[PDB]
Amino acid sequence: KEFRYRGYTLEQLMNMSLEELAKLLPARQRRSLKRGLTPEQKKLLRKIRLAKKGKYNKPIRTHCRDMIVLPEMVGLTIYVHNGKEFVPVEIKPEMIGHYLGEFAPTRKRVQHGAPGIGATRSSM
Amino acid sequence: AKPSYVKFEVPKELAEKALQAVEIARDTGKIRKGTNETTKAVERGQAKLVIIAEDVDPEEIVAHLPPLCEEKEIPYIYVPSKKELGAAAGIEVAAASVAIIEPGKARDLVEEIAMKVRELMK
Amino acid sequence: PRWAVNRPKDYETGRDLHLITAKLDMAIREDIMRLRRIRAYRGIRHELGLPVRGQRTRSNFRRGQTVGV
Amino acid sequence: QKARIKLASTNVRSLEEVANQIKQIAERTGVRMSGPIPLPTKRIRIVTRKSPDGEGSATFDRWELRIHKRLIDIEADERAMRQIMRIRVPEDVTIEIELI
Amino acid sequence: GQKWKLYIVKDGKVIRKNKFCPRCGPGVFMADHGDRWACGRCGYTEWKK
Amino acid sequence: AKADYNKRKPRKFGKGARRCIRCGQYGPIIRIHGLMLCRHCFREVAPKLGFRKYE
RNA sequence: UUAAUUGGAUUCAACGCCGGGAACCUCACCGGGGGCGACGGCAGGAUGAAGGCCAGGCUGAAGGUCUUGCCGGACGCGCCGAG
Ligand SMILES: [Mg+2]
Ligand SMILES: [Mg+2]
Ligand SMILES: [Mg+2]
Ligand SMILES: [Zn+2]
């Protein structure tokens, strides 16, 4: 009942070069990685590696909704901005390859009320 | 530097050639005030006339120029009053050292007083 | 050819597979369930029964009865 | 040993005047000059909504600019080239001379 | 206030504790980190002893 | 440096990379044949440029 | 309905209309972070005003602020007018 992504365990994915991992991700993620990380994404990755190495034991918050989830981020907790607040996202192995913004909805679910004046032809 | 330092007397000719030889050279020259600025001027030799006034207490930022006097030629003179020093050259404040570099038509009396100070005490 | 099968690059094994009938249905159900377990935007759209591929929903996609004022 | 002269203008009369003067110069000397060939007119059409706001029936302007052209061939002879090179066309006329 | 001290000076001798940045000449003074020569304007990673 | 936080980013595409040369508006810019003029401004200066309404 | 779902137009003569096919920009809305007062004058200021920085904190990110200490020389939003 272990986890496997294309026939590979999580540990095998940990010791994989970035370029090698791009061949297993889908087309959009392969193109994005081939074009390089943005400088803000670079800063976030530096903080993530620092936290993994045993340093920086403070919550990690970010405005980077377009960051792709990588195998080295699994196990951490990251606070992703959704427009007005930073919401907590816990990285699970099955999240590998998705954008962070996919886990921080920006809109509230709609619960409708009673239609008002002007909502029908005979109500105007 | 400061009145509380007996170097020599207050010769009238020294004030005569240190004060009344810069108003006619202000309109034809450059001026660099400030002991922090001049410390570099004096060390690197940028300054041409070091006029050091006796108004700076304590002997903390004044105890740099007299020790550095014998390292370069530094034709140097002293100013009795500070209120009008900026009026003679600069602005309407109290100045500590107004360095003029290469002034126009300000040579004969300056050379004579510099020779007198060289033959006075160094 | 490998570009003609209905499940290229399988998520578990990584091979190029083709499925029919019950296995196909269970694989689709597993894909949707995996999306739902991680609480991805698409999984939430699947749960609420709303369009998942970016459509506008103000005018069309109406299934119900008229509300009165 | 032949020169190609290209002309363009927004005004038909001036264009005609310059071509006729070059023709007179080529007549005043023993030299063959292929007649002024008319190339197709260039038309610039721009269609715009008339109203500054968006209220009322939509109505449109169709603005047009027309640029006429001519082509002249002559054999490069200095006795004839000096006369044509010293002609001054009006400011609204472009003239270009090349040797082929 | 005033910041000009920590330069070792006696009655007639002058020598600076903080050296000048090699890209420029003397007179400009660095910081006193102890770990490295901050130098204020350019920067160096040399691990001053 | 404080003036850095007043300055605009120099874009090369999008609506923000083109302004009317007469009034400064963004938006409905006529790009035909190198003109850079709003639809509003082109209507009132078209006769001065040599355009005519034949039909 | 929402933190906000920016605003105009309602018979013909409002509703693929505002040349309105908005990912950034556009933008006017919402959450958050910074910056700006020619000219007259007040406290002030070379015994140096205002302004500018290597490194590491705070931070979404920032000499924005801070800590560590360097820089440069003449105007001056801590104040009232005024723009
Ligand atoms: Mg609306
Ligand atoms: Mg679009
Ligand atoms: Mg926008
Ligand atoms: Zn315009």
Side-chain angles (χ1 to χ4, degrees), chain A residues 39-44 47 58 60-67 78-86 106-116 118 124, chain B residues 2 31-38 40 53 55-58 60-62 82 85-86 90-99, chain C residues 54 58, chain D residues 47-58 60, chain E residues 1-4 6 18 21 27-45, chain F residues 1-19 25-30 38-40 42-43:
Chain A
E40 300 288 334
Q41 292 165 0
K42 302 291 292 311
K43 292 184 161 185
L44 174 60
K47 273 185 59 168
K58 293 184 175 71
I60 303 173
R61 329 168 91 203
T62 184
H63 277 192
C64 294
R65 289 179 60 91
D66 66 332
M67 176 79 194
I78 308 184
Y79 296 82
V80 180
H81 195 248
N82 76 340
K84 69 169 312 173
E85 69 200 5
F86 294 91
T106 56
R107 294 196 196 76
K108 180 176 182 178
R109 182 180 155 176
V110 174
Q111 310 288 359
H112 279 301
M124 284 169 57
Chain B
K2 196 63 183 182
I31 47 178
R32 304 182 169 279
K33 269 84 67 181
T35 175
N36 304 26
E37 167 163 3
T38 60
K40 297 160 193 58
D55 60 320
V56 183
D57 51 321
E60 229 300 326
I61 327 192
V62 345
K82 56 168 172 53
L85 189 52
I91 207 67
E92 43 213 18
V93 306
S97 161
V98 174
Chain C
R58 182 172 172 189
Chain D
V47 180
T48 65
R49 174 97 177 249
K50 292 169 77 149
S51 68
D53 59 314
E55 181 261 5
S57 317
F60 302 84
Chain E
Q2 311 176 12
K3 222 164 189 179
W4 208 275
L6 309 183
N18 306 300
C21 295
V28 194
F29 305 135
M30 312 170 168
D32 57 5
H33 290 15
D35 201 18
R36 278 181 298 265
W37 297 107
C39 55
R41 40 179 296 280
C42 301
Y44 309 97
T45 306
Chain F
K2 270 179 182 54
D4 297 14
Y5 288 86
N6 263 351
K7 204 146 191 29
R8 284 195 74 85
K9 301 181 58 176
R11 284 190 175 77
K12 64 179 180 180
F13 59 85
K15 305 296 272 189
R18 289 173 299 270
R19 303 182 74 173
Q25 191 191 13
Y26 300 93
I29 303 297
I30 297 174
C38 282
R39 69 177 190 86
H40 304 80
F42 181 74
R43 266 195 84 238

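No hydrogens, no waters, no symmetry mates; every other heavy atom, side chains included, goes into these values. Quick note on labels: first sequence line is chain A, next is B, and so on, each numbered from 1.
Nucleotide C30(G) is annotated as unpaired relative to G69(G) [Watson-Crick or G-U wobble, both distances under 3.5 Å].
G56(G): Watson-Crick or G-U partner is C66(G), with both key distances under 3.5 Å. When both distances must be under 3.5 Å, the Watson-Crick or G-U wobble mate of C17(G) is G8(G). Base pairing annotation: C79(G) forms a Watson-Crick or G-U wobble pair with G41(G), both donor-acceptor distances under 3.5 Å. In this structure, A22(G) makes no Watson-Crick or G-U wobble pair, since no nucleotide meets both defining distances under 3.5 angstrom.
Of the candidates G73(G), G69(G), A3(G), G73(G) carries the atom nearest the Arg32(B) side chain, counting heavy atoms from C-beta on. Considering only side-chain atoms of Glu40(A), the nucleotide from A61(G), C71(G), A62(G) that sits closest is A61(G). Taking only side-chain atoms of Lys15(F), from C-beta outward, the nucleotide of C58(G), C71(G), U26(G) with the closest atom is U26(G). Among the nucleotides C53(G), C18(G), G35(G), the one closest to any side-chain atom of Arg39(F) is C18(G).
Residues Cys38(F) and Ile30(F) fail the side-chain proximity criterion, which asks for heavy atoms closer than 4.5 Å.
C77(G) sits 12 Å from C42(G) when the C1' atoms are compared, rounded to a whole Å. When the P atom is compared between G41(G) and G48(G), the two are found 28 Å apart, to the nearest whole Å. Taking the P atom of each, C66(G) and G34(G) are spaced 12 Å apart, rounded to whole Å. Comparing the P positions of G31(G) and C12(G) gives an interatomic distance of 38 Å, to the nearest angstrom. Comparing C53(G) with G72(G), their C1' atoms are spaced 11 Å from each other, to the whole Å. Nucleotides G76(G) and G56(G), compared at atom P, are 34 Å apart to the nearest Å. Between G33(G) and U65(G), the two P atoms lie 15 Å apart (nearest whole Å). Taking the P atom of each, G63(G) and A55(G) are spaced 10 Å apart, rounded to whole Å.
At distances below 3.5 Å, at least one donor-acceptor pair connects side-chain atoms of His40(F) with backbone N or O atoms of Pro52(D).
Without both centres closer than 5.5 angstrom and planes tilted by less than 30 degrees, the six-membered rings of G20(G) and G21(G) do not count as a stacked pair.
Ion pairing between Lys2(B) and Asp55(B) fails under the 4.0 Å rule for side-chain N and carboxylate O.
Note that the CZ atom of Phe86(A) and the CD1 atom of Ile60(A) stand 13.0 Å from one another [nearest 0.5 Å].
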